[PDB]
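Chemist: Okay, structure incoming, though there's no sequence with it:
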Ligand SMILES: CNC(=O)c1ccc(O[C@H]2CC[C@H](NC(=O)Nc3ccc(OC(F)(F)F)cc3)CC2)cc1
């Protein structure tokens, strides 16, 4: 079959929805070449969508995998509930668990892949539902411990800590949600998020201040999306009701809710312990999730495979062929 990356509305895959835990969940479904080895569920992050796995979906299909890549909660054709507790890692993990079992049955198992916020989802999903996750990998996103304590992010960065996360203050606030509405602003927003630059090298986004609205006017062609792919992101993000980015930005408004769930797990529940085979693909030039952030991550895993790729945060695409290689070979050993 054709293993080249998915094009917008590629006919090699199917585009379906299912009711999942009260929400409409849109997803990409790719059927395997040959008898199904495993079902692989891929979870994207912010500000991405299922199409963000366009390099991995046809590749994993050609390896004999069924591939389910949902548009996560708040993105594209998937519902964006008003309630913030729907956006916790626990609830979203339960969404992935019910969606995965809608294909492999309640007794079945899956391979689970995540990137950015999706990588955090799949670690938590492997933690909450070990019966389901036969193998799990995450690109860029390392494991983070069960929250033992809640502190406002303002106070954390005010003390000089977690400075690589200070962009989240703007994202969770009203500025990005109010100003990035309609396709015209979405097109500039995506040009900024995927590497576009201004006449004097102005970046449209930074990990310190977030979106630079002052710059989106002069933001140029992004090096990491072609014109067809950029228009697809705009079209799919336009499927959300205005303000279109409320759903995606809701993922940055759940620090306290996630803290309340995991402060319970830290006290009573089982520890962060991964017995199934695991892979972590770090990205060298990811300024949001730097490789050094994964320092003592190996201690939580019985079987963690480490790899690192010289790429930006957008390693699934910028280094799609290399990421495909790391996944396929690790998957080949992890499954036998
Ligand atoms: C030791 N581990 C920890 O402390 C820890 C790890 C993960 C975690 O959850 C993370 C939070 C961040 C979220 N992703 C995100 O914000 N991505 C993002 C950023 C910036 C962008 O713009 C860019 F600059 F990249 F172009 C585009 C996407 C993933 C899960 C919490 C704690």
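Modeler: Yes, it's here. Numbering: from 1, shown residues only.

Chemist: Grab the nearest non-local neighbour of the closest residue to the ligand within the stretch 101-250 of the chain.
Modeler: Minimum separation of the stretch 101-250 of the chain from the ligand (Cβ to the nearest ligand atom) falls at residue 144, amounting to 3.3 Å. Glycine gets a C-beta too; all of them are placed from N, C-alpha and C. Nearest-residue entry for residue 144: residue 120, 6.9 Å, with adjacent residues in sequence omitted and distances by Cβ to Cβ, 6 or more residues apart in numbering.

Chemist: how far away is the one you found from residue 161?
Modeler: Here residue 120 is placed at a distance of 19 Å from residue 161 (Cβ to Cβ, to the nearest Å).

Chemist: Between these two, which is the more surrounded one?
Modeler: Comparing residue 120 with residue 161 by other Cβ atoms under 10 Å, the one with more neighbours is residue 120, at 25 against 13.

Chemist: So which bits of the stretch 1-150 of the chain are right by the ligand?
Modeler: 45-46, 116-117, 120, 141-142, 144 (Cβ under 6 Å from any ligand atom).

Chemist: what about burial for those, which qualify?
Modeler: 45-46, 116-117, 120, 141-142 (16 or more other Cβ atoms under 10 Å).

Chemist: Excluding its own residues, what touches the host helix or strand of residue 321? List them.
Modeler: Following DSSP states H and E, one finds residue 321 within helix 320-335. Residues outside helix 320-335 that contact it (Cβ atoms under 8 Å, 6 or more residues apart in numbering) are 5, 37-38, 54-56, 59-60, 63, 111, 113, 134-135, 137, 139, 277, 279, 281, 303, 305, 307, 309, 311, 315-316.

Chemist: Mind checking which of those residues are in helices?
Modeler: Using DSSP state H, the members of those that fall in helices are 56, 59-60, 315-316.

Chemist: Of the residues you listed - the most surrounded one?
Modeler: Counting neighbours by other Cβ under 10 Å, residue 316 leads the ones in helices among the contacts of helix 320-335 with 30 neighbours.

Chemist: give the contact list for it.
Modeler: Residues in contact with residue 316 (Cβ under 8 Å, 6+ apart) are 52-53, 55-56, 115, 139, 323.

Chemist: Likewise for residue 198?
Modeler: With Cβ under 8 Å, 6+ apart, residue 198 has these contacts: 204, 215, 218-220.

Chemist: buried subset of those?
Modeler: For these, buried by 16+ other Cβ under 10 Å: 204, 215, 219.

Chemist: Provide a list of residues in contact with the last one.
Modeler: Under the criterion of Cβ under 8 Å, 6+ apart, the contact list for residue 219 reads 188, 191-192, 196-198, 202, 204.

Chemist: Okay, strands next: where are they in the stretch 51-200 of the chain?
Modeler: For the stretch 51-200 of the chain, the strands defined by DSSP state E, counting those that start in this stretch cover 66-70, 110-115, 133-139.

Chemist: So which of those strands has the densest surroundings on average?
Modeler: When you average the neighbours per residue for each of the strands of the stretch 51-200 of the chain (mean count of other Cβ atoms under 10 Å), strand 110-115 leads with a mean of 28.

Chemist: Quick one: residues in contact with that one.
Modeler: Outside of strand 110-115, the residues within contact range by Cβ under 8 Å, 6+ apart are 38-45, 48, 52-53, 56, 65, 96, 100, 103-104, 120-123, 125-126, 132-141, 315-316, 327, 331.

Chemist: Please repeat the previous calculation with a cut-off of 6 Å.
Modeler: The contact list for strand 110-115, computed with Cβ atoms under 6 Å, 6 or more residues apart in numbering, reads 38-45, 100, 104, 121-122, 133, 135-139, 316.

Chemist: Quick check: the gap between the closest residue to residue 15 other than its chain neighbours and residue 332.
Modeler: Excluding the flanking residues, the one nearest residue 15 by Cβ to Cβ, 6+ apart is residue 28, at 6.4 Å. Distance, residue 28 to residue 332, by Cβ to Cβ: 23 Å.
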